[PDB]
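*Asks:* Below you will find the structure I want to go over with you.
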Amino acid sequence: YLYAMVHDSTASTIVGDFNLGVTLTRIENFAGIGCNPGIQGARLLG
Amino acid sequence: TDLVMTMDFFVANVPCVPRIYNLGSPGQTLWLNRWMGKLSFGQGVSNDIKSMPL
Amino acid sequence: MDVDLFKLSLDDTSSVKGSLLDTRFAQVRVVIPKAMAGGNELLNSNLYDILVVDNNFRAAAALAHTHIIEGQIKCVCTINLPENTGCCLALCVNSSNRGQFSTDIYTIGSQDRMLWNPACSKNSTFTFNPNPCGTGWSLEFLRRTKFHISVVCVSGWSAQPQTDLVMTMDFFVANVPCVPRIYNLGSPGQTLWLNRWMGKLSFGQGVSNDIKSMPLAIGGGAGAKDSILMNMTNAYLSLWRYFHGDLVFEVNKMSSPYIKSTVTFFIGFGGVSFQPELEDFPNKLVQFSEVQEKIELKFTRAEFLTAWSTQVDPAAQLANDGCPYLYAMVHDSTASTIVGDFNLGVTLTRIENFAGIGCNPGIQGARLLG
């Protein structure tokens, strides 16, 4: 997994929330192994 | 008030190169640009930790 | 199979060293309240009392089972805030502790101190030596000598945030060898490190003629309600009768960066009544930016004719005081959109070219700060 935790508290004067967007852009040194028969279904994002 | 965002398209001085994903012999760098998700940390929350499966 | 157990490397008496991941041993977070004032303490405890409570890191047991550590402790505090608010936090460390002590900024901020404003800095780090008279320390040494630590608030919120915050800090073992800092009585050096808290200066908004003064007769301590406050640097300075040298002050901004002012600092005498033709002295103009937080200004010893007394009786008049003063006056008005005040913190850090003259019999009493 990729875990993200707050080191300190979230400090602001407005009533908003702290939003981040993570994007896996590229995978260097890519090595693929095998052949996938497939698994039906996928997990929700966010 | 509601805003207006403008954009204008040009023809740059950059030649077109192809990006082809081969199945048999993939390269050493796989460009994905996969949207992993949005992380919303609230204010005044003590113990919060978000996880994204690889 | 039979090997000799006496030839194994189970006698490694080397200190802990490596990267910052392999040298962290403690991490403590403290709760900063939503509505705090100036002067209340956020944390005050011994270092051993918080270094062994639920802190299991990569260099925790290696620190707990090492007899001599030859590296200085590096501390990194991380707390950030937007520019429409502001406070001031001071982390001070001391060598020992007695019963029912005082939590003033003047008392605790003498040996090792890190004073910063989180609205202008993302994170602040500082390094200190737990053994001031030696080149090594240990965890049992900090347990037995009652090594104290305290985080205090010296200037409250200009504008209050939405909720109460949490400031975390983590202690490392830096790659800096421990050096001793010893104050000799007979032969003092050419640079006397004091870190004396001179006081807090609060300029209001819409005030036309305001000018603050700080006496340079800094010996004897600080005043309190039928009491005095002391530390070892002021007690060491108060042994001589007169002193002379060029002074190095540090000015910190303790308000929000949306409150702006231009302050002229100069050296004067007696009690003045804000004449506009007072900038004919050689004065320094201080004007803070948004990223600018702390400024060092040095008054050379060409501004001082002779030496002056370390201690002045507080029951004397203004005309009967011969010591020089440090005056700070507003060059222009105080401009902001919030309803806060413009706060400054002056600290005489060191006195270069130090010359002490005579021997002080002593004067009872001290003046109030601010």
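FYI, nothing fancy with the structure tokens labels: chains A, B, ... in order, residues from 1 per chain, ligands from 1 as they appear.
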For chain B, work out the contacting residues on chain C at 12 Å, counting only C-alpha atoms, and write them as a tab-separated table (two decimals) with N, CA, C and O atoms, in the first residue's frame.
*Replies:*
chain	number	residue	atom	x	y	z
C	29	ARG	N	4.49	15.10	20.48
C	29	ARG	CA	3.58	16.10	19.98
C	29	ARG	C	2.85	16.75	21.15
C	29	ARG	O	2.45	16.07	22.10
C	30	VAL	N	2.69	18.07	21.09
C	30	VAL	CA	2.07	18.85	22.15
C	30	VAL	C	0.87	19.60	21.58
C	30	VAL	O	0.89	20.04	20.42
C	31	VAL	N	-0.17	19.73	22.39
C	31	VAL	CA	-1.42	20.34	21.96
C	31	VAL	C	-1.35	21.84	22.23
C	31	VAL	O	-1.25	22.27	23.38
C	32	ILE	N	-1.40	22.63	21.16
C	32	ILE	CA	-1.51	24.08	21.26
C	32	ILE	C	-2.99	24.43	21.26
C	32	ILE	O	-3.70	24.06	20.31
C	33	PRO	N	-3.50	25.12	22.28
C	33	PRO	CA	-4.94	25.36	22.37
C	33	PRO	C	-5.39	26.42	21.37
C	33	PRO	O	-4.60	27.13	20.75
C	34	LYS	N	-6.72	26.50	21.22
C	34	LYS	CA	-7.31	27.43	20.26
C	34	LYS	C	-7.21	28.87	20.76
C	34	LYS	O	-6.87	29.77	19.99
C	161	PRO	N	-7.27	30.56	15.14
C	161	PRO	CA	-7.56	29.58	14.09
C	161	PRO	C	-8.91	28.92	14.34
C	161	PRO	O	-9.64	29.25	15.27
C	162	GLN	N	-9.23	27.95	13.48
C	162	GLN	CA	-10.53	27.29	13.56
C	162	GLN	C	-10.59	26.29	14.70
C	162	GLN	O	-11.61	26.19	15.40
C	163	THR	N	-9.52	25.53	14.91
C	163	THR	CA	-9.47	24.52	15.96
C	163	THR	C	-8.11	24.57	16.63
C	163	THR	O	-7.17	25.21	16.15
C	164	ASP	N	-8.00	23.88	17.77
C	164	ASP	CA	-6.73	23.78	18.46
C	164	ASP	C	-5.78	22.86	17.70
C	164	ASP	O	-6.18	21.82	17.18
C	165	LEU	N	-4.51	23.25	17.64
C	165	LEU	CA	-3.54	22.60	16.79
C	165	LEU	C	-2.67	21.64	17.59
C	165	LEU	O	-2.73	21.58	18.82
C	166	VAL	N	-1.83	20.89	16.88
C	166	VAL	CA	-0.88	19.96	17.48
C	166	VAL	C	0.47	20.19	16.82
C	166	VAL	O	0.59	20.06	15.59
C	167	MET	N	1.48	20.54	17.61
C	167	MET	CA	2.83	20.73	17.11
C	167	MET	C	3.66	19.52	17.49
C	167	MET	O	3.77	19.17	18.67
C	168	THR	N	4.25	18.87	16.49
C	168	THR	CA	5.09	17.71	16.72
C	168	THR	C	6.56	18.09	16.64
C	168	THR	O	6.93	19.08	15.99
*Asks:* Residues of chain A no more than 8 Å from chain B, counting only C-alpha atoms: send them over as number ranges by chain.
*Replies:* A: 1-6, 9-12, 16-31, 45-46
*Asks:* Given the choices C:322, C:282, C:219, C:18, which gets closest to residue C:269 if the distance is worked out from only C-alpha atoms?
*Replies:*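 The shortest atom-to-atom distance to residue C:269 comes from C:322.
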*Asks:* So, counting only C-alpha atoms, which residue among C:301, C:74, C:143, C:122 is closest to chain A?
*Replies:*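 Closest residue, counting only C-alpha atoms: C:122.
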*Asks:* So which residues of stretch 172-319 of chain C fall under strand (DSSP E) by DSSP, listed as a PyMOL selection string?
*Replies:* chain C and resi 172-173+191-203+211-215+222-224+227-229+242-253+262-269+284-287+294-299+308-309
*Asks:* Just the selected residues (C-alpha atoms), exported as a short mmCIF file (atom, residue, chain, number, x, y, z; two decimals), in the first residue's frame, please.
*Replies:*
data_model
loop_
_atom_site.label_atom_id
_atom_site.label_comp_id
_atom_site.auth_asym_id
_atom_site.auth_seq_id
_atom_site.Cartn_x
_atom_site.Cartn_y
_atom_site.Cartn_z
CA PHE C 172 17.87 13.04 16.55
CA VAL C 173 21.55 12.45 17.24
CA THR C 191 32.75 37.18 23.53
CA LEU C 192 30.17 36.73 26.30
CA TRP C 193 27.10 34.76 25.23
CA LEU C 194 24.12 36.00 27.25
CA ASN C 195 20.85 35.36 25.34
CA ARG C 196 19.16 37.79 27.70
CA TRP C 197 15.46 38.43 27.16
CA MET C 198 15.31 42.23 26.98
CA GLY C 199 11.52 42.44 26.71
CA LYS C 200 8.48 42.57 24.45
CA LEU C 201 7.51 45.75 22.58
CA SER C 202 3.84 46.20 21.67
CA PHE C 203 3.07 49.11 19.34
CA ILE C 211 8.59 55.37 21.77
CA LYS C 212 9.82 52.44 23.85
CA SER C 213 12.99 52.32 25.95
CA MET C 214 15.07 49.47 27.36
CA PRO C 215 17.77 50.11 29.99
CA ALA C 222 14.27 40.93 36.23
CA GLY C 223 11.62 42.38 38.48
CA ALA C 224 8.51 40.66 39.81
CA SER C 227 10.49 39.09 43.76
CA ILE C 228 13.36 38.87 41.31
CA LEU C 229 14.08 36.47 38.45
CA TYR C 242 31.22 48.11 34.95
CA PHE C 243 31.27 46.47 31.54
CA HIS C 244 32.07 47.56 28.00
CA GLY C 245 31.72 46.06 24.54
CA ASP C 246 29.75 46.13 21.31
CA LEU C 247 26.27 44.66 21.70
CA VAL C 248 24.51 42.28 19.30
CA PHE C 249 20.71 42.31 19.45
CA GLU C 250 18.22 40.05 17.68
CA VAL C 251 14.73 41.33 16.91
CA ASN C 252 11.96 38.79 16.31
CA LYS C 253 8.51 39.49 14.89
CA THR C 262 8.96 50.67 10.43
CA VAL C 263 10.95 50.91 13.66
CA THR C 264 14.09 52.98 14.23
CA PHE C 265 16.50 51.69 16.88
CA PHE C 266 19.15 53.90 18.45
CA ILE C 267 21.17 54.46 21.63
CA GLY C 268 20.21 57.35 23.90
CA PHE C 269 20.36 58.67 27.46
CA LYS C 284 18.98 51.54 12.29
CA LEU C 285 15.73 51.30 10.33
CA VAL C 286 14.02 47.91 10.61
CA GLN C 287 11.19 47.06 8.22
CA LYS C 294 14.30 37.70 12.67
CA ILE C 295 16.93 40.40 12.12
CA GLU C 296 20.31 40.78 13.85
CA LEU C 297 21.56 44.31 14.48
CA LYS C 298 24.96 45.11 15.97
CA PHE C 299 25.72 48.38 17.75
CA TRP C 308 28.71 51.88 32.25
CA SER C 309 27.37 50.28 35.40
#
